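Structure, as structure tokens:
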Amino acid sequence: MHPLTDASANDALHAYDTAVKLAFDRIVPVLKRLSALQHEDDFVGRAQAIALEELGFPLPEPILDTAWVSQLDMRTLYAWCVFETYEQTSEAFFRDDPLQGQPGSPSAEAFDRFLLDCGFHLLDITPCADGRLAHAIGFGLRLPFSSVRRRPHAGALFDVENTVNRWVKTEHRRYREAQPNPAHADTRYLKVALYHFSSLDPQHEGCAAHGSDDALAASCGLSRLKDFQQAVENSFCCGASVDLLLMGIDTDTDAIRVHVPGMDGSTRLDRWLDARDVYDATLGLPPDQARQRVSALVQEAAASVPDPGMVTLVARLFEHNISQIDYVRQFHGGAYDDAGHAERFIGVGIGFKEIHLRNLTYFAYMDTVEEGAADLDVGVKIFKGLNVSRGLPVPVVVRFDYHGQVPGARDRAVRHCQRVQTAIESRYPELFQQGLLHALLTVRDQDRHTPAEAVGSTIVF
Amino acid sequence: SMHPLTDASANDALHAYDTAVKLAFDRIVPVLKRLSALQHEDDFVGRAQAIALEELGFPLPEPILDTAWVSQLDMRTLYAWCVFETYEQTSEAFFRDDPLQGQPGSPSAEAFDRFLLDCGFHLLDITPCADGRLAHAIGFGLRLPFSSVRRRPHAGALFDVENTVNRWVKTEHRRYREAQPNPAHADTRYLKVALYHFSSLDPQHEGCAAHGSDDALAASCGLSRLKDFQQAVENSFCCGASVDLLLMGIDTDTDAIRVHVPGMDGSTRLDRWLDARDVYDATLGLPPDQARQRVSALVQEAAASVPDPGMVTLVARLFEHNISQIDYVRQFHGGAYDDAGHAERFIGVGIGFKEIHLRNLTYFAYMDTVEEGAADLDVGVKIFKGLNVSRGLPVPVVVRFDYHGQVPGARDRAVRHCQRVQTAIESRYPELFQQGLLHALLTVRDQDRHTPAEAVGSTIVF
Ligand SMILES: O=C(COP(=O)(O)O)[C@H](O)[C@H](O)COP(=O)(O)O
Ligand SMILES: O=C(COP(=O)(O)O)[C@H](O)[C@H](O)COP(=O)(O)O
Ligand SMILES: [Zn+2]
Ligand SMILES: [Zn+2]
């Protein structure tokens with residue numbers, strides 16, 4: 001184990017990942033047992049009892065009570081079980097805080113203070129929406145989830161104009177509430193773009209939004225970063241700038257690489273500092289020195305004289321990522337066998353606050369189907385290979401955040417969910433009519449830290 | 001025959017502008033009829049261009065005229081083409097000549113920003129109904145310099161409450177960082193106005209279609225959104241944030257406004273109001289100076305409860321302005337618009353058009369995607385089946401998206417947005433489209449400058 005790895009953290013995170021993934025993967029084995037029993041006299045009783053033992057909840061009775069006519073409707077049970085499993089999963093995230101990083105947690109308070117010391121008053125991260133990066137924040141960089149805005153997008157192509165609007169909203173809160181700090185204080189908004197690549201099969205397992213070309217994914221991520229900065233500098237008077245960070249992550253090993261920037265965001269696309277070289281460089285050092293050597297390495301990999309706080313923060317991410325490297329060596333032989341797509345359901349809408357595990361969710365950002373149906377089609381094709389290949393429906397969970405202070409915003413969000421549902425049912429009528437596609441509608445009040453809310457389903461009784 | 005408060009020079013200028021722009025669209029059909037009668041003449045392509053330049057000021061597409069002999073004169077395309085080119089010319093004249101004399105930096109806009117600040121308001125954000133009979137409410141009905149107000153038309157005056165909260169935040173941010181319009185600590189409020197409409201000559205049928213032509217429901221739905229916005233701002237920010245509200249309606253037969261004067265905190269009676277027609281009658285035999293004081297006293301007593309002094313000052317100036325438009329309609333339109341219903345020349349889709357300030361020029365449908373604007377665009381398309389399709393002419397559609405020129409790659413996002421909308425429209429009206437009865441022009445406009453909108457695509461190709 002590396003002298004800088006948090007052993008027990010690695011165990012706790014492993015215990016979490018295996019627990020949630022077990023809940024989802026126990027479904028098929030249970031449904032296989034039930035299918036064998038559907039002609040027995042006490043079928044309904046024995047099925048309810050199997051499901052309680054195994055999944056911890058019971059099944060919709062109408063589907064069991066009528067299995068003798070049509071036969072037992074497995075496609076609908078499977079979707080329903082995935083939805084129910086997602087609800088229990090999500091509710092327990094807000095209830096138990098498995099990551100120890102909710103608002104007000106010691107970890108979150110600690111990191112908020114550390115970000116301020118480094119010269120940053122907000123940390124806004126866009127990873128590619130790829131399911132293989134959903135654990136980037138909690139596992140890959142070991143940051144409390146609540147100390148961070150996470151804004152995922154296919155190929156890390158975030159909305160430049162909406163990010164400027166988030167900068168404006170952030171400054172305004174500094175002006176009126178001095179939250180997180182006074183407006184006059186010499187801190188900067190920090191925008192990060194996290195792309196990914198595959199070290200084991202770079203040609204086919206890379207970022208599919210950019211044809212699995214590492215250079216294209218790195219350079220489009222930077223193009224957006226620059227454009228955001230240029231946009232702030234052009235739209236407001238006086239100082240008016242932001243800090244930038246372009247990072248990638250290997251989906252085979254979870255090692256990150258940082259393009260350490262100069263003070264003004266000068267980034268080189270062809271030179272990076274890979275956490276694996278960091279890992280090997282500090283492996284024989286006692287902890288205190290190893291931390292020093294990570295510092296000097298990040299300093300030395302800067303594109304031009306770097307900002308001191310940027311050097312400190314990047315060194316912390318390397319220090320943090322070294323644990324995740326050991327994580328994948330411990331529990332995944334140094335390379336995930338699910339090198340590609342193995343997600344358990346599709347998520348569409350706004351990013352899921354509670355989803356922080358690798359290959360759990362295929363996320364497609366969209367305000368409307370009319371836009372980013374391309375990104376949704378990609379997932380649907382993927383789940384044709386994962387689920388329809390073996391007779392199982394494609395499960396979709398729609399999510400929209402709303403401001404639970406705006407009167408009627410919750411109502412607006414719910415109706416937004418049904419607007420998406422109608423559009424999905426229209427886009428794939430073959431699958432929807434063959435019962436090979438179902439949607440769950442969830443809304444989440446983003447003004448406090450409570451669980452999302454299930455507001456409708458294609459499964460109807 | 002003229003009210004002491006009426007501004008006769010302003011009335012003449014605004015009449016000259018409305019007249020010239022409606023004449024340009026109204027010449028299209030008579031020109032096209034003349035070309036149709038000439039289509040067999042040996043010199044037809046030459047004659048057609050010459051007439052087209054003399055009468056309309058732009059040329060017609062060669063290939064339409066060139067092939068008239070085999071495939072027949074394609075009037076459908078010609079007509080759409082001419083509406084688009086006319087839209088183009090008058091749109092750029094608006095930016096180039098400032099017919100309303102209200103562009104940024106104009107004397108008229110300077111004065112009205114000072115007056116607004118003086119009344120206690122640092123921003124006037126108005127949502128009229130998107131109905132094309134209200135497009136002139138700002139520049140004509142209220143004689144407000146267009147550049148010093150935010151105009152956000154929506155069907156039924158149902159503006160986006162969350163986005164308005166975001167506008168308020170953007171506004172506050174400018175105040176903090178730049179002191180524009182004023183320093184953040186100054187004691188001014190953001191003012192959101194909802195402007196509904198109704199028809200006094202046919203209430204049952206010519207009112208707001210979004211609300212079933214039901215005046216009381218149009219008024220109460222506008223009020224409801226205003227209160228929601230106010231409740232959103234108060235509940236979303238510390239330290240007693242608030243905003244002011246104003247509900248008013250305009251009568252589309254006579255251009256007379258009526259105001260539900262509110263008390264300090266926004267308290268508004270729906271069931272009663274102050275009609276500009278009664279304010280007109282009540283000041284008519286008074287010198288200009290007493291007429292104004294009288295207007296102020298009438299606003300004052302009309303309030304639902306004790307009003308804010310600054311709000312009284314502003315509403316009385318809006319009444320003073322509206323009195324000129326009341327006289328405008330009475331002298332140039334017999335006192336009742338002869339086109340009481342819809343007579344728009346084209347459908348506008350997307351973001352509201354900065355440059356459209358004439359009555360019955362544009363049926364406007366707000367939308368960022370067709371997936372969400374469909375119902376509203378259906379209504380406009382239906383209206384145009386009566387206005388145009390019924391007589392063989394296409395439904396012309398101009399798409400517009402504003403974009404922040406200061407944001408790199410934003411124009412290209414707007415163009416791509418326009419293309420997405422074109423594709424969607426074409427899919428939703430597939431008969432009209434392949435039958436050549438629906439065309440669309442794509443327009444974008446940099447809202448970070450005062451410059452003409454740019455044409456970026458068209459369903460008329462060769
Ligand atoms: O970026 C995030 C979380 O990203 P993700 O949801 O993808 O984890 C936001 O800061 C808040 O969570 C949004 O609202 P709220 O403050 O209620 O959480
Ligand atoms: O979009 C602009 C800026 O355009 P520009 O400064 O280039 O004219 C307006 O501020 C609002 O859209 C309000 O509409 P209006 O000003 O027509 O009331
Ligand atoms: Zn990707
Ligand atoms: Zn209306």
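Here's how to read the names in the structure tokens: chain A, B, ... by the order shown, residue numbers from 1 in each chain, ligand numbers from 1 in the order shown.
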
Quiz prompt | Sel. of alpha helix (DSSP H) residues, stretch 279-386 of chain B, as a count of residues only | solution = 61

Select, as a PDB file with C-alpha atoms, in the first residue's frame, those residues of chain A with any atom no more than 9 Å from chain B (distances computed using only C-alpha atoms).
ATOM      1  CA  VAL A 160     -20.435  28.162 -21.330  1.00  0.00           C
ATOM      2  CA  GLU A 161     -23.233  30.726 -21.046  1.00  0.00           C
ATOM      3  CA  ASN A 165     -24.572  32.695 -15.106  1.00  0.00           C
ATOM      4  CA  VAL A 168     -22.790  35.764 -11.603  1.00  0.00           C
ATOM      5  CA  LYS A 169     -24.995  33.982  -9.067  1.00  0.00           C
ATOM      6  CA  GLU A 171     -20.598  36.736  -6.926  1.00  0.00           C
ATOM      7  CA  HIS A 172     -24.044  38.036  -6.063  1.00  0.00           C
ATOM      8  CA  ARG A 173     -24.173  35.783  -3.022  1.00  0.00           C
ATOM      9  CA  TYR A 175     -22.020  40.578  -2.290  1.00  0.00           C
ATOM     10  CA  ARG A 176     -25.280  40.137  -0.379  1.00  0.00           C
ATOM     11  CA  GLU A 177     -24.492  37.402   2.205  1.00  0.00           C
ATOM     12  CA  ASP A 227     -14.277  30.130 -23.538  1.00  0.00           C
ATOM     13  CA  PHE A 228     -15.767  30.374 -20.071  1.00  0.00           C
ATOM     14  CA  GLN A 230     -12.819  34.677 -21.897  1.00  0.00           C
ATOM     15  CA  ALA A 231     -16.581  35.135 -21.407  1.00  0.00           C
ATOM     16  CA  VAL A 232     -16.262  36.384 -17.821  1.00  0.00           C
ATOM     17  CA  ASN A 234     -15.391  40.151 -21.602  1.00  0.00           C
ATOM     18  CA  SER A 235     -18.730  40.556 -19.854  1.00  0.00           C
ATOM     19  CA  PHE A 236     -17.766  42.365 -16.655  1.00  0.00           C
ATOM     20  CA  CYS A 237     -15.687  45.364 -15.680  1.00  0.00           C
ATOM     21  CA  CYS A 238     -12.582  45.744 -13.560  1.00  0.00           C
ATOM     22  CA  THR A 368     -35.733  18.424 -23.452  1.00  0.00           C
ATOM     23  CA  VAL A 369     -35.710  15.346 -25.630  1.00  0.00           C
ATOM     24  CA  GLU A 370     -35.774  17.634 -28.646  1.00  0.00           C
ATOM     25  CA  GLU A 371     -32.166  18.411 -27.723  1.00  0.00           C
ATOM     26  CA  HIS A 403     -35.691  25.594  -6.328  1.00  0.00           C
ATOM     27  CA  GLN A 405     -38.337  28.376  -2.607  1.00  0.00           C
ATOM     28  CA  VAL A 406     -39.772  29.501  -5.954  1.00  0.00           C
ATOM     29  CA  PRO A 407     -43.532  29.026  -5.486  1.00  0.00           C
ATOM     30  CA  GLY A 408     -44.743  26.250  -7.762  1.00  0.00           C
ATOM     31  CA  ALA A 409     -41.244  25.190  -8.863  1.00  0.00           C
ATOM     32  CA  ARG A 419     -42.950  16.336 -20.632  1.00  0.00           C
ATOM     33  CA  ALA A 423     -41.214  12.604 -25.504  1.00  0.00           C
TER      34      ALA A 423
END

Exercise. Enumerate residues in contact with ligand 1: an atom-to-atom distance of at most 10 Å, counting only C-alpha atoms and all ligand atoms. Format the result as a PyMOL selection string.
Key: chain A and resi 102-103+122-127+129+134+137-138+145-152+350-356+401-404+444-451

Quiz item: Within 8 Å of ligand 4, counting only C-alpha atoms and all ligand atoms: which residues, as a ChimeraX atom specification?
Solution: /B:129-131,155-157,196-198,207-211,213,218

For the selection just defined, write its residues with N, CA, C and O atoms to a file, as a PDB file, in the first residue's frame.
ATOM      1  N   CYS B 129     -48.883  40.323 -23.089  1.00  0.00           N
ATOM      2  CA  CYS B 129     -49.246  39.147 -23.867  1.00  0.00           C
ATOM      3  C   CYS B 129     -48.574  39.207 -25.239  1.00  0.00           C
ATOM      4  O   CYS B 129     -48.452  40.278 -25.841  1.00  0.00           O
ATOM      5  N   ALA B 130     -48.118  38.046 -25.719  1.00  0.00           N
ATOM      6  CA  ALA B 130     -47.486  37.966 -27.034  1.00  0.00           C
ATOM      7  C   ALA B 130     -48.424  38.347 -28.175  1.00  0.00           C
ATOM      8  O   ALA B 130     -47.971  38.423 -29.326  1.00  0.00           O
ATOM      9  N   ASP B 131     -49.702  38.572 -27.896  1.00  0.00           N
ATOM     10  CA  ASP B 131     -50.653  38.902 -28.946  1.00  0.00           C
ATOM     11  C   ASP B 131     -50.116  40.040 -29.816  1.00  0.00           C
ATOM     12  O   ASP B 131     -49.605  41.041 -29.310  1.00  0.00           O
ATOM     13  N   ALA B 155     -47.386  34.338 -24.190  1.00  0.00           N
ATOM     14  CA  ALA B 155     -48.820  34.147 -24.385  1.00  0.00           C
ATOM     15  C   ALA B 155     -49.554  34.236 -23.040  1.00  0.00           C
ATOM     16  O   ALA B 155     -49.156  33.616 -22.049  1.00  0.00           O
ATOM     17  N   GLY B 156     -50.636  35.006 -23.012  1.00  0.00           N
ATOM     18  CA  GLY B 156     -51.370  35.184 -21.777  1.00  0.00           C
ATOM     19  C   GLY B 156     -50.593  35.893 -20.689  1.00  0.00           C
ATOM     20  O   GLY B 156     -51.042  35.913 -19.540  1.00  0.00           O
ATOM     21  N   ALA B 157     -49.437  36.472 -21.012  1.00  0.00           N
ATOM     22  CA  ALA B 157     -48.618  37.213 -20.044  1.00  0.00           C
ATOM     23  C   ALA B 157     -48.044  36.284 -18.976  1.00  0.00           C
ATOM     24  O   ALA B 157     -47.725  36.720 -17.867  1.00  0.00           O
ATOM     25  N   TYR B 196     -51.966  42.693 -19.416  1.00  0.00           N
ATOM     26  CA  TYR B 196     -52.926  41.839 -20.100  1.00  0.00           C
ATOM     27  C   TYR B 196     -53.720  42.662 -21.117  1.00  0.00           C
ATOM     28  O   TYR B 196     -53.486  43.862 -21.303  1.00  0.00           O
ATOM     29  N   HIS B 197     -54.670  42.031 -21.803  1.00  0.00           N
ATOM     30  CA  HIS B 197     -55.433  42.792 -22.780  1.00  0.00           C
ATOM     31  C   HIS B 197     -56.865  42.272 -22.849  1.00  0.00           C
ATOM     32  O   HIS B 197     -57.205  41.219 -22.300  1.00  0.00           O
ATOM     33  N   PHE B 198     -57.704  43.044 -23.531  1.00  0.00           N
ATOM     34  CA  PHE B 198     -59.135  42.782 -23.634  1.00  0.00           C
ATOM     35  C   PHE B 198     -59.657  43.628 -24.782  1.00  0.00           C
ATOM     36  O   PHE B 198     -58.986  44.546 -25.261  1.00  0.00           O
ATOM     37  N   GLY B 207     -60.814  39.108 -26.962  1.00  0.00           N
ATOM     38  CA  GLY B 207     -59.890  39.224 -25.847  1.00  0.00           C
ATOM     39  C   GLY B 207     -58.699  38.292 -25.984  1.00  0.00           C
ATOM     40  O   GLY B 207     -58.306  37.886 -27.086  1.00  0.00           O
ATOM     41  N   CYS B 208     -58.118  37.933 -24.849  1.00  0.00           N
ATOM     42  CA  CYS B 208     -56.908  37.122 -24.845  1.00  0.00           C
ATOM     43  C   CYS B 208     -57.270  35.658 -25.093  1.00  0.00           C
ATOM     44  O   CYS B 208     -58.041  35.060 -24.328  1.00  0.00           O
ATOM     45  N   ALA B 209     -56.737  35.087 -26.180  1.00  0.00           N
ATOM     46  CA  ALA B 209     -57.098  33.714 -26.534  1.00  0.00           C
ATOM     47  C   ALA B 209     -56.513  32.724 -25.534  1.00  0.00           C
ATOM     48  O   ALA B 209     -57.171  31.741 -25.164  1.00  0.00           O
ATOM     49  N   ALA B 210     -55.285  32.986 -25.063  1.00  0.00           N
ATOM     50  CA  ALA B 210     -54.658  32.126 -24.065  1.00  0.00           C
ATOM     51  C   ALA B 210     -55.553  31.908 -22.840  1.00  0.00           C
ATOM     52  O   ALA B 210     -55.434  30.872 -22.168  1.00  0.00           O
ATOM     53  N   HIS B 211     -56.463  32.855 -22.539  1.00  0.00           N
ATOM     54  CA  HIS B 211     -57.347  32.760 -21.376  1.00  0.00           C
ATOM     55  C   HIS B 211     -58.826  32.680 -21.758  1.00  0.00           C
ATOM     56  O   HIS B 211     -59.708  33.004 -20.948  1.00  0.00           O
ATOM     57  N   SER B 213     -60.536  34.376 -23.896  1.00  0.00           N
ATOM     58  CA  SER B 213     -61.120  35.693 -24.100  1.00  0.00           C
ATOM     59  C   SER B 213     -61.864  36.156 -22.845  1.00  0.00           C
ATOM     60  O   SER B 213     -62.756  37.005 -22.915  1.00  0.00           O
ATOM     61  N   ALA B 218     -57.744  36.514 -17.581  1.00  0.00           N
ATOM     62  CA  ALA B 218     -56.496  37.102 -18.056  1.00  0.00           C
ATOM     63  C   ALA B 218     -55.858  37.966 -16.965  1.00  0.00           C
ATOM     64  O   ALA B 218     -54.660  37.840 -16.672  1.00  0.00           O
TER      65      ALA B 218
END

Practice problem: Compute the set of protein, DNA and RNA residues whose minimum atom distance to ligand 2 is at most 7 Å, using only C-alpha atoms and all ligand atoms, and state it as a ChimeraX atom specification. | Solution: /B:103-104,146-152,354-355,446-451

Hey, can you spit out that residue selection with N, CA, C and O atoms as an mmCIF file, in the first residue's frame?
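Written file, again_30.cif:
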data_model
loop_
_atom_site.group_PDB
_atom_site.id
_atom_site.type_symbol
_atom_site.label_atom_id
_atom_site.label_comp_id
_atom_site.auth_asym_id
_atom_site.auth_seq_id
_atom_site.Cartn_x
_atom_site.Cartn_y
_atom_site.Cartn_z
ATOM 1 N N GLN B 103 -33.459 54.564 -28.861
ATOM 2 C CA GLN B 103 -32.365 53.620 -28.783
ATOM 3 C C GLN B 103 -31.471 53.915 -27.581
ATOM 4 O O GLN B 103 -31.561 54.977 -26.973
ATOM 5 N N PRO B 104 -30.609 52.978 -27.197
ATOM 6 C CA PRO B 104 -29.666 53.260 -26.109
ATOM 7 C C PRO B 104 -28.898 54.540 -26.396
ATOM 8 O O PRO B 104 -28.475 54.792 -27.528
ATOM 9 N N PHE B 146 -38.026 52.416 -25.948
ATOM 10 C CA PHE B 146 -37.896 50.960 -25.909
ATOM 11 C C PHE B 146 -36.609 50.526 -25.212
ATOM 12 O O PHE B 146 -36.611 49.544 -24.461
ATOM 13 N N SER B 147 -35.519 51.268 -25.396
ATOM 14 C CA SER B 147 -34.231 50.793 -24.907
ATOM 15 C C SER B 147 -34.131 50.795 -23.392
ATOM 16 O O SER B 147 -33.250 50.118 -22.855
ATOM 17 N N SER B 148 -35.003 51.519 -22.681
ATOM 18 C CA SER B 148 -34.894 51.613 -21.228
ATOM 19 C C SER B 148 -35.898 50.720 -20.483
ATOM 20 O O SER B 148 -36.145 50.932 -19.290
ATOM 21 N N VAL B 149 -36.450 49.703 -21.150
ATOM 22 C CA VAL B 149 -37.318 48.721 -20.512
ATOM 23 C C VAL B 149 -36.952 47.321 -20.999
ATOM 24 O O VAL B 149 -36.453 47.129 -22.115
ATOM 25 N N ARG B 150 -37.208 46.337 -20.150
ATOM 26 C CA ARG B 150 -37.101 44.936 -20.522
ATOM 27 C C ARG B 150 -38.492 44.455 -20.898
ATOM 28 O O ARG B 150 -39.406 44.493 -20.067
ATOM 29 N N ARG B 151 -38.655 44.032 -22.148
ATOM 30 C CA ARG B 151 -39.927 43.583 -22.687
ATOM 31 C C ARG B 151 -39.849 42.080 -22.949
ATOM 32 O O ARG B 151 -39.025 41.627 -23.741
ATOM 33 N N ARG B 152 -40.688 41.312 -22.275
ATOM 34 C CA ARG B 152 -40.589 39.855 -22.291
ATOM 35 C C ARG B 152 -41.966 39.273 -22.603
ATOM 36 O O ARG B 152 -42.679 38.803 -21.704
ATOM 37 N N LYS B 354 -36.590 42.418 -30.645
ATOM 38 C CA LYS B 354 -36.163 43.748 -30.218
ATOM 39 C C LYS B 354 -36.833 44.867 -31.017
ATOM 40 O O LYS B 354 -37.171 45.920 -30.456
ATOM 41 N N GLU B 355 -37.036 44.648 -32.322
ATOM 42 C CA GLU B 355 -37.305 45.729 -33.264
ATOM 43 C C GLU B 355 -38.763 45.825 -33.709
ATOM 44 O O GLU B 355 -39.106 46.749 -34.449
ATOM 45 N N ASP B 446 -27.200 39.978 -31.901
ATOM 46 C CA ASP B 446 -26.301 40.193 -30.779
ATOM 47 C C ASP B 446 -26.923 41.235 -29.860
ATOM 48 O O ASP B 446 -27.013 42.416 -30.209
ATOM 49 N N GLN B 447 -27.363 40.790 -28.690
ATOM 50 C CA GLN B 447 -28.011 41.654 -27.713
ATOM 51 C C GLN B 447 -27.022 42.393 -26.828
ATOM 52 O O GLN B 447 -27.443 43.171 -25.969
ATOM 53 N N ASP B 448 -25.728 42.166 -27.011
ATOM 54 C CA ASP B 448 -24.692 42.930 -26.337
ATOM 55 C C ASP B 448 -24.299 44.188 -27.105
ATOM 56 O O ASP B 448 -23.353 44.864 -26.707
ATOM 57 N N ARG B 449 -24.998 44.506 -28.195
ATOM 58 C CA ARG B 449 -24.759 45.707 -28.990
ATOM 59 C C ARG B 449 -26.106 46.176 -29.521
ATOM 60 O O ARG B 449 -27.106 45.476 -29.392
ATOM 61 N N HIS B 450 -26.142 47.363 -30.127
ATOM 62 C CA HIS B 450 -27.354 47.836 -30.806
ATOM 63 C C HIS B 450 -27.129 47.760 -32.318
ATOM 64 O O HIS B 450 -26.870 48.770 -32.981
ATOM 65 N N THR B 451 -27.239 46.554 -32.866
ATOM 66 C CA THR B 451 -26.986 46.294 -34.275
ATOM 67 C C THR B 451 -28.084 45.441 -34.887
ATOM 68 O O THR B 451 -28.778 44.685 -34.194
#

Quiz prompt | Residue with smallest distance to ligand 3 - pool A:385, A:393, A:248, A:45, counting only C-alpha atoms and all ligand atoms | solution = A:248

Counting only C-alpha atoms and all ligand atoms, name the residues that have an atom within 9 Å of an atom of ligand 3; the answer should be given as a PDB file with C-alpha atoms, in the first residue's frame.
ATOM      1  CA  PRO A 127     -16.650  15.411 -15.895  1.00  0.00           C
ATOM      2  CA  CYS A 128     -17.888  13.649 -18.983  1.00  0.00           C
ATOM      3  CA  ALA A 129     -21.294  12.152 -18.229  1.00  0.00           C
ATOM      4  CA  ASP A 130     -19.787   8.709 -18.941  1.00  0.00           C
ATOM      5  CA  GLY A 131     -20.989   6.224 -16.344  1.00  0.00           C
ATOM      6  CA  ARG A 132     -17.383   5.211 -15.726  1.00  0.00           C
ATOM      7  CA  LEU A 133     -16.722   8.655 -14.138  1.00  0.00           C
ATOM      8  CA  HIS A 153     -21.869  16.476 -19.790  1.00  0.00           C
ATOM      9  CA  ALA A 154     -21.223  14.153 -22.719  1.00  0.00           C
ATOM     10  CA  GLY A 155     -17.573  14.724 -23.561  1.00  0.00           C
ATOM     11  CA  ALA A 156     -17.328  17.347 -20.772  1.00  0.00           C
ATOM     12  CA  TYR A 195     -12.006  14.122 -19.495  1.00  0.00           C
ATOM     13  CA  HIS A 196     -11.201  10.403 -19.562  1.00  0.00           C
ATOM     14  CA  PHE A 197      -9.337   7.846 -21.673  1.00  0.00           C
ATOM     15  CA  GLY A 206     -12.161   6.107 -24.711  1.00  0.00           C
ATOM     16  CA  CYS A 207     -14.642   8.956 -24.565  1.00  0.00           C
ATOM     17  CA  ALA A 208     -17.219   7.963 -27.175  1.00  0.00           C
ATOM     18  CA  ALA A 209     -18.433  11.570 -27.505  1.00  0.00           C
ATOM     19  CA  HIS A 210     -15.052  12.311 -29.143  1.00  0.00           C
ATOM     20  CA  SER A 212     -12.183   7.687 -28.334  1.00  0.00           C
ATOM     21  CA  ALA A 217     -11.493  15.007 -25.601  1.00  0.00           C
TER      22      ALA A 217
END

Exercise. Fewer than 2 positions away in the same chain doesn't count, so skip those; otherwise give me all residues within 9 Å of residue A:317, counting only C-alpha atoms, as a list in words.
Key: residues 140, 141, 142, 143, 256, 312, 313, 314, 315, 319, 320, 321 and 322 of chain A

Same residues, N, CA, C and O atoms, saved as an mmCIF file, in the first residue's frame:
data_model
loop_
_atom_site.group_PDB
_atom_site.id
_atom_site.type_symbol
_atom_site.label_atom_id
_atom_site.label_comp_id
_atom_site.auth_asym_id
_atom_site.auth_seq_id
_atom_site.Cartn_x
_atom_site.Cartn_y
_atom_site.Cartn_z
ATOM 1 N N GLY A 140 -12.421 9.132 -6.865
ATOM 2 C CA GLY A 140 -11.212 9.472 -7.604
ATOM 3 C C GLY A 140 -10.398 10.585 -6.967
ATOM 4 O O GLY A 140 -9.167 10.497 -6.904
ATOM 5 N N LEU A 141 -11.070 11.646 -6.501
ATOM 6 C CA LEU A 141 -10.435 12.817 -5.893
ATOM 7 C C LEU A 141 -10.716 12.958 -4.397
ATOM 8 O O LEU A 141 -10.178 13.876 -3.767
ATOM 9 N N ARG A 142 -11.551 12.079 -3.820
ATOM 10 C CA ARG A 142 -11.796 11.989 -2.369
ATOM 11 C C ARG A 142 -12.296 13.316 -1.766
ATOM 12 O O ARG A 142 -12.084 13.597 -0.583
ATOM 13 N N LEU A 143 -13.004 14.124 -2.554
ATOM 14 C CA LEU A 143 -13.600 15.366 -2.103
ATOM 15 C C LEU A 143 -14.994 15.107 -1.530
ATOM 16 O O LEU A 143 -15.733 14.281 -2.065
ATOM 17 N N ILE A 256 -5.504 9.732 -12.250
ATOM 18 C CA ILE A 256 -5.748 11.007 -12.923
ATOM 19 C C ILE A 256 -4.473 11.477 -13.617
ATOM 20 O O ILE A 256 -3.371 10.996 -13.347
ATOM 21 N N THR A 312 -0.888 23.881 -4.349
ATOM 22 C CA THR A 312 -1.358 23.184 -3.161
ATOM 23 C C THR A 312 -2.593 22.329 -3.452
ATOM 24 O O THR A 312 -2.645 21.148 -3.088
ATOM 25 N N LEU A 313 -3.612 22.916 -4.082
ATOM 26 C CA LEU A 313 -4.836 22.155 -4.306
ATOM 27 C C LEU A 313 -4.568 20.961 -5.221
ATOM 28 O O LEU A 313 -5.024 19.843 -4.942
ATOM 29 N N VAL A 314 -3.796 21.164 -6.299
ATOM 30 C CA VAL A 314 -3.546 20.054 -7.217
ATOM 31 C C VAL A 314 -2.758 18.971 -6.513
ATOM 32 O O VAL A 314 -3.021 17.777 -6.703
ATOM 33 N N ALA A 315 -1.793 19.366 -5.674
ATOM 34 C CA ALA A 315 -1.063 18.382 -4.889
ATOM 35 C C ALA A 315 -2.005 17.562 -4.004
ATOM 36 O O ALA A 315 -1.800 16.348 -3.824
ATOM 37 N N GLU A 319 -2.395 13.602 -4.059
ATOM 38 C CA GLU A 319 -2.344 12.871 -2.799
ATOM 39 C C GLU A 319 -3.613 12.062 -2.598
ATOM 40 O O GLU A 319 -3.565 10.914 -2.136
ATOM 41 N N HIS A 320 -4.761 12.644 -2.956
ATOM 42 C CA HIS A 320 -6.028 11.942 -2.782
ATOM 43 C C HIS A 320 -6.170 10.807 -3.797
ATOM 44 O O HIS A 320 -6.520 9.680 -3.428
ATOM 45 N N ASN A 321 -5.865 11.081 -5.080
ATOM 46 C CA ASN A 321 -6.020 10.076 -6.136
ATOM 47 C C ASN A 321 -5.117 8.863 -5.913
ATOM 48 O O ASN A 321 -5.429 7.767 -6.391
ATOM 49 N N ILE A 322 -3.995 9.029 -5.199
ATOM 50 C CA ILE A 322 -3.099 7.891 -4.984
ATOM 51 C C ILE A 322 -3.796 6.774 -4.204
ATOM 52 O O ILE A 322 -3.517 5.587 -4.434
#

Quiz prompt | Residues near stretch 340-352 of chain B, cut-off 8 Å, only C-alpha atoms, skip fewer than 3 positions along chain, as number ranges by chain | solution = B: 25, 83, 132-133, 151-153, 206, 252-253, 336-337, 360-369, 377, 380-381, 383, 387, 395-402
